[PDB]
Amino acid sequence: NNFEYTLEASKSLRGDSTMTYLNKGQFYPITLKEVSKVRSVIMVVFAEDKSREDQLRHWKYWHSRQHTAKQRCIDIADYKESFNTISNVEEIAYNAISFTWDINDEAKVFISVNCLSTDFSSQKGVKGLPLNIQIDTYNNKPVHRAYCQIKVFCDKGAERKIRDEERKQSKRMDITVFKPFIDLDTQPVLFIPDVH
């Protein structure tokens, strides 16, 4: 039971960990593949600290400053070409989306992150928290687990960050493969859980 998840967006160059830059509200194509209908859950969580006290503290802070209470941390596009490969789509939480797909057919979804990396601090001129796109694939534990470290920028910030990086070194590659996670028996924190 081995899997390979793929995110297609602008990727950084060279940093020793995986890094991917995304735009707030912009949809990105995620690929699901294994080497029997299985259920996978795509989530957005923090990377540096996985303590439930601190993560929810951030989420609660972010949600309070949001203009819409209905606004979700993560969204999936209601595109028919996505709904062809998957179904039984359920939003179990504001930062979690669950759906069922088949192994024999490669699954494609479109995901957008609606929170900025800087929306967790009131400070001005600061870097901002790194985020993780975690996909759990579930027979009450996942057989496979992977994550993808990202940073979300306002407007078209993701493309600008690439330019600045390219001019740093001054003085295929658009594909990001999810990094597998060994720990399976730990539960990820969920912000405002639904569908009990």
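Residues carry their position along the shown sequence, with the first being 1.
- Coordinates are lacking for 1 to 3 deposited residues between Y138 and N139.
- Where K171 is followed by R172 in the displayed chain, the model omits 10 or more of the deposited residues that sit between the two.
- Relative to its counterpart among 54-62 and 161-169, 161-169 has the higher mean temperature factor, C-alpha atoms as listed in the PDB entry.
- The mean C-alpha temperature factor is higher for 5-13 when 5-13 and 21-29 are set side by side.
- Taking only the listed residues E81, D75, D119, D102, the entry reports the highest CA temperature factor at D102.
- Across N95, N114, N88, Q123, the greatest Cα temperature factor reported in the deposited entry is at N88.
- In the deposited entry, the Cα temperature factor of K127 places it in the lowest third of its chain's modelled residues.
- Compared with the other modelled residues of the chain, the Cα B-factor recorded for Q134 ranks in the lowest third.
- Placement of the Cα temperature factor of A69 within the chain: highest third of the modelled residues, per the deposited record.
- When the modelled residues of the chain are ordered by their C-alpha B factor, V41 lands in the middle third.
- The deposited CA B-factor of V35 belongs to the highest third of values across its chain.
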